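Undergrad: from the sequence below, what's the structure:
(4 chains, ligands or ions: 2)
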Amino acid sequence: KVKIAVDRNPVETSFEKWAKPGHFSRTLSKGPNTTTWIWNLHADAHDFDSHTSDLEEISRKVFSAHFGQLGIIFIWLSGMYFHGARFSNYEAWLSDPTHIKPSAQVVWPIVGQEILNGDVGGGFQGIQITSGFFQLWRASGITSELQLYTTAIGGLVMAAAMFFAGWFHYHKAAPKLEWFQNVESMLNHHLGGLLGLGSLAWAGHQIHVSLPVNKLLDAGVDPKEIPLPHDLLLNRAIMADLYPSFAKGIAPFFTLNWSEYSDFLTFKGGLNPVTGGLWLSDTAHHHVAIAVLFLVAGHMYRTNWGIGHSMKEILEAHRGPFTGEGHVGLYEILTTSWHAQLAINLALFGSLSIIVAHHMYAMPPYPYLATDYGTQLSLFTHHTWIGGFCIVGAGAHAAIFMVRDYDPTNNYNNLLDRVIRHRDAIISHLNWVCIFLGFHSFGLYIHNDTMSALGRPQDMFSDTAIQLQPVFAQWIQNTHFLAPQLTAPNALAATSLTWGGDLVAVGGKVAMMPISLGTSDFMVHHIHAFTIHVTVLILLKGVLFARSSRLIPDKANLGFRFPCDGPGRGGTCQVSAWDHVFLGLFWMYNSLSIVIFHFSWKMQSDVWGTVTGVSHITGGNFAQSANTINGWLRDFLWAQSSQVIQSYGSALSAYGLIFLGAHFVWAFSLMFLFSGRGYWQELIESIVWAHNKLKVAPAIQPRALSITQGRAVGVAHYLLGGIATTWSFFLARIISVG
Amino acid sequence: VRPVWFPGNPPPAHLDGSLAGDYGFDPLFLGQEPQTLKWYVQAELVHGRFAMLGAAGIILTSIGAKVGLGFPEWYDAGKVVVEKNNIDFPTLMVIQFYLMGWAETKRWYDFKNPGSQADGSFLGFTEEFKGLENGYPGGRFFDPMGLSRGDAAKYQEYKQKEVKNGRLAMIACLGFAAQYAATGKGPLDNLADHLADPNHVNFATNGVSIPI
Amino acid sequence: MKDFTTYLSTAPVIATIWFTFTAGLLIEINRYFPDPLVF
Amino acid sequence: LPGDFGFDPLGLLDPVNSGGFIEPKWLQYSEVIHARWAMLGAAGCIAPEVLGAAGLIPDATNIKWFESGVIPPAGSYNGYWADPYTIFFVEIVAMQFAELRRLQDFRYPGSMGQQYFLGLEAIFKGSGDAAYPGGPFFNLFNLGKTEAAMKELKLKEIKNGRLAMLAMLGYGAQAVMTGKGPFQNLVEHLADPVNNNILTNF
Ligand SMILES: CC1=C(C/C=C(\C)CCC[C@H](C)CCC[C@H](C)CCCC(C)C)C(=O)c2ccccc2C1=O
Ligand code: SF4
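TA: Numbers count the residues shown, from 1 in each chain, chains lettered A, B, ... in the order given. Ligands and ions are numbered 1, 2, ... in the order given. See below for the structure:
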């Protein structure tokens, strides 16, 4: 029995507590007397579980917080669209994409920052963007900047609606706990409604707008010439001309003779030779498939009729001999804590964004997309960084739940309990497998560099001396290349020119080519896998030593975040799961940096270039300069640093400036990451003597930062410096050489 | 019970009815504090009076313009007359600012100290430079006709009609502004045209008001 | 409403306002008197 | 209450834990509003078609209903003594007045016959029930003589109103699919019950 439940006027709308800082905590609301008060106030503004302990209260809070997030996103989207409408060379780029470069951000003619207004073509000046909104919009079918304008207006309106909805569903008619707990209804509703109807309406928009106008653009007719979407909708005659099926309306579909609709529901595979994008009919068929799949999926669980399943019953039904009570109680834990959900969802989300990056560089779907190597690189590395961060956050909040809201009683002989039991065996095993991979993979590189600098390259590890071959990967590539003959006989081509095959180029520029795999790539993949396992080890220890330890048996009550347990029993610095997440974030940064370096060098060296054959931007130095560290440093880095270190007097001076600034702040973080607050407080005291002697001591007492505060500020600054440096370098270099 | 600008909704706290034109209209609560409220009262009064002035001047000059009497249109009268005579922008501006500053700072320090202006610190004067109400300095000069000192009911009615016509004049002056900035024309002329054809000579056809 | 005014007079808001004022002033100055070095 | 059949398979009239807009009062209020509208709208959408079919009106008028101007892309008509927008404006102001004061009634019951309104307040006192204020105008003739007849009449009103909502949707779907007029579809399906059908319209 499921229905709708709500409660009225739970909290008023007034500025009273707006004038009361720290009202949410009865602790802080009693006033400030020392500096660290401010830090704490900012720190725990959103720690809803420490605010109070009502599930329903925290729930209403997170609901309205979601609405705020949504409104912000709509705002920023409308901003992008309006900028594209009013300050862009988008219509010029529509006229010619191949030589006009996207530019929407313009600078003001002031003290000297106007030099950045780069001549991007189209008689236009400004700054090149990398986001790819141009190719996206062309793919969609936007021609008139009027469309961008109205789009931005609608986006702003939507943001306002989101904020209003948040205010309403928090202050006027708030829901109830069971209505938040109707999980089977929630899954049915999401999977059916949201995704099914999204893909369906998507297929519709593609078919009736974006397919015809893009057929026309690729046919080369004048852009503004092409008719209007509503005309395309109204006059069935035009669509009949384009695809002779349209004359028959819908009766043939109704009569189940689907084959006749194959004119624009295609299965080509491969790419579109005029734009380098994928076949729009193919993507439309794809989206139709996804639509029906998910809409059928949205009819699984029982809500108010016996038909459908019970998640908890299914859960308990799966029990094993080696496992004891199996999956019992999980339905409880999930129906009761936000943090479990947050951990699971962040993990999946990060992994998914990574897959998005990979798939997208693999099979470029937009027109003229493959051309801007800068845009490709930028999108890839950005989405990869975001994925890494989301996954680390998953780990963090997992451990946080485990400390806070776990209960032992409910789970006597659980999968969870027995895991907690043999945690020691597990962690030891992971340790060893890591150190093994580290040894072998990295010692290979050092052995190479030694065999080189010693004067005996005969004994290095390359494609020339003793070899190593990704036989498995080459085999898979072979098979996916030869698949359509027998495996998918109605497939007209491989789904990616990387499986093998010819070369598609546009505008004197390569769009794709079969990709080689060398001993270099073998070794790089293995370094990847090692650092990944190491990060996983850090986080798994961070979660499995949450409640207690063979060292600290009362870790649980001490909270999730704390500096140490004093110098006791030999010094207990850095023992909290919060510090676990700290160091895990460190190593995540390292790994992602290395992986995007791999990607960039492989692309630049052996895919990119211009057709004459092809002329690779570094001509292929990779497969011989990427298996020694000295070669790495010099030939790749110290090499490609050129344009970024000579970008002055040009619209690229900003990139060099930021390069410098990033080095600076990255180094600055180290003082924080190394110092100790006691010294800071002593120096503060001498400063207070100085001030006070003049009767200017502040009423707010000065206190050095808390230990964990020092740790957090250090890590934030360091990460910022590193990632900013590499970002500036990438952008300047690729925009210069492409 | 007083006619509430939004018939059906009750007035807020600070909006009571003691003042003229208390239709209960402050949906932004800008007058909760009495200091700020008396303040905005004086502001509204001076603005209404200025608007009444401006409307009268504009309309009379516009009539003089339509009739063949050579009077320019208001948005040009300034430049045209200053170039006609031997006037200097700087000297006119500076004298104007002098005199206005004097009178206006006197009104200011009166509002601050409600009585210290008829203290004989002037030439010899008193019982005239002393306020009567917040922004109602009717003495022997500001009310030389002496209606403030007779028939308090009639006087209340006069405050009411004053503030009514003041609000109307504010709205009408903004009217004039938009009329001209849109039609690039004379206000009275736009009037005559809409007379000629209300069905078609109107903002619906002005093609700017409604941007469709 | 007075609650709201005090919320305004809170510290970070006032800091932002004063800094915005100073920066806008400096910018307009460098506009109208470009590249001064002496006097 | 009137016209119920025990049919609420989705079950939203549940009066417990209600709030917001989901409250039987407001919900059935919206239902009766829609009923009266759809009745008027159906009568209108049809009238000129048959009115010119009988030829009683000059063929200048009786264009199909979706062309009278509401959608210029669907075709516009002209000859109106003023512009569509110039009419749209006074339409805005009149509907603003009517709807707003009806709403003020429903929100603060009885409180919309008090402010001086040219004596036009005694009628706006009405009942304490929206959608049924009655009063001298809104029940011009003293109808509901027997309260049994009164409930009977409420029932008949809701019946006809639901029928009207259905008919309006019918007009929409026909005029989009077959593109013709409503009376056109009628004349056709009359001519051929078999060969003038959506099966034939495939
Ligand atoms: C440098 C350093 C400090 C000293 C740094 C401190 C105390 C931070 C100072 C913050 C700013 C600079 C001062 C306060 C700024 C406020 C906005 C107040 C207004 C200031 C006006 C100028 C606007 C620590 O306290 C510390 C603690 C633990 C590990 C490492 C370190 C560490 O490395
Ligand atoms: S202050 Fe630092 S060194 Fe001292 S006990 Fe705490 S964590 Fe250890």
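
Undergrad: show me the helices in chain B, by range?
TA: B:34-66, B:74-84, B:89-112, B:152-183, B:187-196 (DSSP state H).

Undergrad: export the third one as CSV, just CAs?
TA: Coordinates of each C-alpha in helix B:89-112 appear next as CSV, following Å, rounded to 0.1, in the frame of the first residue of the first chain:
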residue,chain,number,x,y,z
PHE,B,89,26.5,76.3,-18.6
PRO,B,90,29.1,76.6,-15.7
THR,B,91,27.8,79.8,-14.2
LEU,B,92,24.1,78.7,-14.4
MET,B,93,24.9,75.3,-12.9
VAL,B,94,27.0,76.7,-10.1
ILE,B,95,24.5,79.3,-9.0
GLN,B,96,21.7,76.7,-9.1
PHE,B,97,23.8,74.3,-7.0
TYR,B,98,24.6,77.1,-4.5
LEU,B,99,21.0,78.1,-3.8
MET,B,100,19.6,74.6,-3.8
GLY,B,101,22.3,73.3,-1.5
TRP,B,102,21.5,76.1,1.0
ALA,B,103,17.7,75.6,1.1
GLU,B,104,18.0,71.8,1.1
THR,B,105,20.6,71.5,3.8
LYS,B,106,18.4,73.7,6.0
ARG,B,107,15.5,71.3,5.5
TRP,B,108,17.9,68.5,6.2
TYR,B,109,19.1,69.8,9.6
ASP,B,110,15.5,70.5,10.4
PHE,B,111,14.6,66.9,9.9
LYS,B,112,17.6,66.0,12.1
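
Undergrad: mind listing what's buried in that helix?
TA: residue B:110 (16 or more other C-beta atoms under 10 Å in any protein chain shown). C-beta coordinates here come from the backbone N, C-alpha and C atoms, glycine included.

Undergrad: quick check: angle from it to helix B:34-66?
TA: For helix B:89-112 against helix B:34-66, the angle by axes from the mean of the first three to the mean of the last three C-alpha atoms, to 10 degrees is 150 degrees.

Undergrad: now helix B:89-112 against helix B:74-84, angle please.
TA: 130 degrees.

Undergrad: which helices and strands does helix B:89-112 pack with?
TA: Using 3 or more C-beta pairs under 8 Å, 6 or more residues apart in numbering or on different chains; DSSP states H and E as the contact test, no helix or strand touches helix B:89-112.

Undergrad: next one: that helix to chain centre, how far?
TA: In terms of C-alpha atoms, centre = their mean, to the nearest Å, the centre of helix B:89-112 is found 18 Å from the chain centre.

Undergrad: need the contact partners of that helix.
TA: Residues from elsewhere that reach helix B:89-112 (C-beta atoms under 8 Å, 6 or more residues apart in numbering or on different chains): B:42, B:82, B:116-117, B:129, B:131, B:134-135, B:137.

Undergrad: would you turn these into a markdown table with neighbour count and distance to chain C?
TA: What follows is the contacts of helix B:89-112, written out as a markdown table (neighbours: other C-beta atoms under 10 Å in any protein chain shown; distance: C-beta to the nearest C-beta, whole Å):
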| residue | neighbour count | distance to chain C |
| --- | --- | --- |
| B:42 | 15 | 19 |
| B:82 | 13 | 27 |
| B:116 | 12 | 29 |
| B:117 | 22 | 30 |
| B:129 | 21 | 34 |
| B:131 | 19 | 27 |
| B:134 | 16 | 21 |
| B:135 | 18 | 23 |
| B:137 | 19 | 29 |
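
Undergrad: quick check: residues of chain D near chain B?
TA: D:81-83, D:85-86, D:89, D:101, D:104-105, D:107-108, D:111-112, D:114-117 (C-beta under 8 Å from any C-beta of the partner chain).
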